[PDB]
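Residue numbers (the deposited numbering), protein chains in the order written: chain A, 9 to 464; chain B, 9 to 161, 170 to 310, 327 to 464. One structure is given below, encoded as structure tokens.
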Amino acid sequence: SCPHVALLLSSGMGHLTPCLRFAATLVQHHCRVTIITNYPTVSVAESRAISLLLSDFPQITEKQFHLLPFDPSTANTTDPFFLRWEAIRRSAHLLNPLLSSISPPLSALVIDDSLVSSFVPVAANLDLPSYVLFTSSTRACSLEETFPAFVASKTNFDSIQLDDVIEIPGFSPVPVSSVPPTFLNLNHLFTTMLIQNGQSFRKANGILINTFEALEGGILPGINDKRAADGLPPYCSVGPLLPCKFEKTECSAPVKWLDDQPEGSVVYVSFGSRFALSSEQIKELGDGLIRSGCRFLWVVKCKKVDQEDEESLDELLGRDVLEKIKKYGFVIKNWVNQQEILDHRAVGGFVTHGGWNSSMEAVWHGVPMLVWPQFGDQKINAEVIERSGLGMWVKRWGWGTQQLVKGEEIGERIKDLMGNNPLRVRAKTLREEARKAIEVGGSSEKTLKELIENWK
Amino acid sequence: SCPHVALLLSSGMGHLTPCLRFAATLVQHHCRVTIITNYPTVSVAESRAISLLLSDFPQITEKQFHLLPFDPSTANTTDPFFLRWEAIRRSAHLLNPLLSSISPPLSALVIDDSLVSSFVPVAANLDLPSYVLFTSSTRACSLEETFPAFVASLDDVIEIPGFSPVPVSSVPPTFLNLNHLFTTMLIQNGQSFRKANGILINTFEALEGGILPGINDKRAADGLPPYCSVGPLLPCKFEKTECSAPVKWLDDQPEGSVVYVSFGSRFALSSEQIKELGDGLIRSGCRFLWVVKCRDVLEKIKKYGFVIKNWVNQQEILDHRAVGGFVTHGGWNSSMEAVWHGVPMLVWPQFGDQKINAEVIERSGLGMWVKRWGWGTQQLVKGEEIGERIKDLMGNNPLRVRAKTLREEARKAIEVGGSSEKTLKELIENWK
Ligand SMILES: O=c1ccn([C@@H]2O[C@H](COP(=O)(O)OP(=O)(O)O)[C@@H](O)[C@H]2O)c(=O)[nH]1
């Protein structure tokens, strides 16, 4: 028997990557997978990732979701990805006929965590087990559930101090300074979407998280015991979700550069796939990389959408400054195979924004991290990484999007990262604890095993 | 629902490759697959292949076949690959306990054509549909089925149902040798094909003309198993590397201006022919990629050509736009690889069924094959004669156009509503 599972995709490599990786896992665990795509993807990368998955996995059916015509002026925000989310959510009543067509009949529908509010009702109509695929950390998933209860308690949500805390069941309380800055702005489309999603998690049959038990410090089994005792869906840890084989082009220019570098001497720098630093911050970060006295691999973005980042790096910095930096380190404004770079033995550290997928890839390859939160769940994530002993988080730098960090300071913190032996040691340990979880008898592999057996 | 299919592997790199590719094809068509391996493999090429297959398809389970101790003294040959077959065949009854323990329940067993007679009774024991994965062409396949009837009865000719009759000159050289352990198998196997539920051939309808439906009509009347066309068998994802030492050389060459010369893993050219073949390439005045299997001009030969003496990725070299022609021994695996990539080929049959396949290639219009050269193992070809024929291959435009035509017919056969996919769907649907 092969349980037919449907994956409902949203938008962004942050969400798309763990969805595709999970699709590949399901397929390799004797399930039938059908992914529900929507075009045109905001970013070119999304399009390529899907074409590469379908090419490698012909046994994966693709049904295209056709959204309703959308007027972006009806939405609060100018963010392309958020806008796309809203388009898909507004087309929710159209998913019902589409699912009925699919044969053989489904056994479970795995929804992206940004669409839960709108599509959990749909799945209920067809008596379909629905599972939330949470793309971030467990502590982040727990704040999302609690945040509706929080704002309801406040008469005036404007006169709220940064010092105030939001208590999370089973986790260390979260300071409002760590809460996504946009949350303080209720009525923003992002906030309204996450308030409604967090209220609907309880309607799902389970919550899938890209994590493993050892990472969380063993607080998870207790939490699930309390959650079950209150009629709440269980936290299902199936991570680390293994990077697919189509993510390893062994002849990349940056990969070839790395082969000519000493072991553990290269600092890899990336701030994700949907965010770009300001002009001033980009200039300062360039300065700080030279000051670090470290070999570095730097992935620059000047705009959120890769499709629109047409300007050359010469324009922002100047050929003078740019040519100078290319002497001390490798700089590239393109899409790089991040997981392929992280596994390379030349890479000794990672300067990241705290995006969960990145952090989990660094856990998987055992690379120390310097987390520099820019927005969203990255501060909550920063703390989780720090408590795992894998990364360091400079709290003095605040949010990246609202505070400028000058070059001199960046250089000194990167030096500390390249010589932080407790981080290196913990990495090796946490890495081996990661492999064990996906091996047979592993904690993660075990949970996925009971999932499929209930499908079935 | 997922049909559980078991693949029975034998030794030989020529038989292994289509076996491993068909295994992947089944997985990609929603089947659970289990392969039966025997170790130690005769070559590292087999071990490497199976390991890379199990590496890229974790869902494919491997249950090893342990065999009875074999006395190589009772052999009628000294070939390592054929010897392994006899070693496997004599321990055939050892497969019933292994096959019954497999979970979930099997719904079909696929056997290599070298093990058909010994292992098709095993299937009957277990109420399992057995299928024969034939590793050569349809024409060669029909010869094997009717050859036992023929010997129960040179310029002579053998009657083949469905095809043009085959001259005995095209029949494998060791078929005329009944003492040989090889011939004894082929005699025993051919008579046993009738017991199997179907014969899987790496081919598509358009390549053989519309004859397969017509043949299967007659085959159904006699109660004979149907000819299942499922080809071409595409190379797996482990059979492609972004860069190779040859490929890097190919990216500096003009389009279609390079001759690829390969004679397979098993066979090796004579020392005498290598010098002759070497001089013919230089005489051809064409850029060439030469594979040598087992020296003052050795450096001067690299002037307009590239030489490598190791395992190469043909499917990579053949897709490449710099390659315009193929000098092949005529193996059906390499031939389909050239069909799929639409590369014109010059067939130079060395042994086995390569003369038979050569007639299949010529009839299709994809290649030319020099009758005057005969068998490669038997007959030597001088340098001046080789170089001349290569130029004919590199200057033949009807060939290049036929290649383009066949390539689309081949590609259309895999896609939905295609020839080969239709038979495959109906096959799996029967299992169900
Ligand atoms: O240049 C890049 C940028 C992104 N990524 C991949 O894109 C994902 C981004 O996920 P993340 O957790 O950082 O969330 P984001 O903030 O980017 O949406 C990661 O898995 C990276 O491997 C990549 O491979 N190369």
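Every residue gets a Cβ at the ideal spot worked out from N, C-alpha and C, and that includes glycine.
{"Check": "Length-filtered (4 minimum) alpha helix (DSSP H) runs lying within the region 224 to 276 of chain B", "Outcome": "227 to 237 and 261 to 266"}
{"Check": "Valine 307/A: CB within 7 Å of a non-hydrogen atom of ligand 1", "Outcome": "yes"}
{"Check": "Reduced DSSP secondary structure (H/G/I, E/B, other) of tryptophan 401/A", "Outcome": "strand"}
{"Check": "Within chain B, partners of residue 465/A - CB distance below 8 Å", "Outcome": "What is shown of chain A runs 9 to 464, which leaves residue 465/A out entirely."}
{"Check": "Residues that DSSP places opposite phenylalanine 142/A in a beta bridge", "Outcome": "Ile217/A"}
{"Check": "Minimum Cβ-Cβ distance from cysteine 244/A to chain B less than 8 Å", "Outcome": "no"}
{"Check": "Residue burial classification, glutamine 346/B (beta-carbon count within 10 angstroms, cutoff 16)", "Outcome": "buried"}
{"Check": "Top-ranked residue by Cα proximity to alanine 212/B, from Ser126/B, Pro183/B, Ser161/B and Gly226/B", "Outcome": "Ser126/B"}
{"Check": "Of the listed residues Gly247/A, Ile393/A, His37/A and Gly214/A, nearest to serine 9/A (C-alpha basis)", "Outcome": "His37/A"}
{"Check": "Contacts of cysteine 252/B in chain A (Cβ-Cβ under 7 Å)", "Outcome": "Here the premise fails: no neighbours, minimum Cβ distance about 11 Å."}
{"Check": "Contact with chain B by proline 66/A, beta-carbon distance below 8 Å", "Outcome": "yes"}
{"Check": "Between the CA atoms of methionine 377/B and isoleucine 422/B - distance to the nearest angstrom", "Outcome": "10 Å"}
{"Check": "Residue-level contact to chain B via CB, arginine 443/A, 8 Å cutoff", "Outcome": "no"}
{"Check": "Residue range of the unbroken beta strand (DSSP E) whose run includes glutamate 416/A", "Outcome": "Per DSSP, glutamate 416/A belongs to no beta strand (DSSP E); it is in the alpha helix (DSSP H), 415 to 425."}
{"Check": "heavy atom of ligand 2 below 7 Å from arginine 56/A C-beta", "Outcome": "No copy of ligand 2 occurs in the structure displayed; its ligands are ligand 1 alone."}
{"Check": "Short Cβ contact (8 Å threshold) for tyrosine 276/B with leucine 350/B", "Outcome": "yes"}
{"Check": "Test: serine 9/A CB closer than 8 Å to a CB of chain B", "Outcome": "yes"}
{"Check": "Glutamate 175/A - DSSP class collapsed to helix/strand/coil", "Outcome": "coil"}
{"Check": "Close-in-space but distant-in-sequence residues of the same chain around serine 278/B (CB under 6 Å, 5 per side omitted)", "Outcome": "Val307"}
{"Check": "Ligand 1 heavy atom lying under 7 Å from the CB of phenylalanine 283/A", "Outcome": "yes"}
{"Check": "Burial state of residue 475/A (16 or more Cβ within 10 Å)", "Outcome": "Given a span of 9 to 464 for chain A in the structure shown, any question on residue 475/A remains unanswerable."}
{"Check": "Rounded straight-line distance, which links the Cα of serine 281/A to that of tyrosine 47/A", "Outcome": "18 Å"}
{"Check": "Residues that DSSP places opposite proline 183/A in a beta bridge", "Outcome": "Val173/A"}
{"Check": "Cβ pair count under 8 Å reaching 3, the region 371 to 389 of chain A against the region 292 to 309 of chain A", "Outcome": "no"}
{"Check": "Beta bridge counterpart(s) of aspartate 120/B as assigned by DSSP", "Outcome": "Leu141/B"}
{"Check": "Residue 8/A - containing beta strand (DSSP E), residue span", "Outcome": "The displayed coordinates of chain A run from 9 to 464. Any statement about residue 8/A would go beyond what the structure contains."}
{"Check": "Under 8 Å from the C-beta of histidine 38/B: neighbouring residues of chain A", "Outcome": "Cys10, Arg40 and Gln67"}
{"Check": "Secondary structure of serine 115/B, DSSP reduced to three states", "Outcome": "strand"}
{"Check": "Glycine 356/A - DSSP class collapsed to helix/strand/coil", "Outcome": "strand"}
{"Check": "As assigned by DSSP and simplified to three states, the class of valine 52/A", "Outcome": "helix"}
{"Check": "Residue 8/B to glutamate 271/B span [Cα, whole Å]", "Outcome": "The structure shown does not extend to residue 8/B, since chain B is modelled only from 9 through 464, so no value can be given for it."}
{"Check": "Reference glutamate 54/A; option with closest CA among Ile215/A, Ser19/A, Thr409/A and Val41/A", "Outcome": "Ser19/A"}
{"Check": "Own chain residues within Cβ distance below 7 Å of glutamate 70/B, not counting five before or after", "Outcome": "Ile43, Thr45 and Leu62"}
{"Check": "Closest by C-alpha distance to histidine 12/B, when choosing among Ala31/B, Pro262/B, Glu458/B and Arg97/B", "Outcome": "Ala31/B"}
{"Check": "Contacts around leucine 456/B, its chain only, beta-carbon distance under 7 Å, and the 5 residues preceding and following it disregarded", "Outcome": "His37 and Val246"}
{"Check": "Stretch-stretch touch, CB-based, cutoff 8 Å, three pairs: the region 249 to 264 of chain B with the region 249 to 258 of chain A", "Outcome": "yes"}
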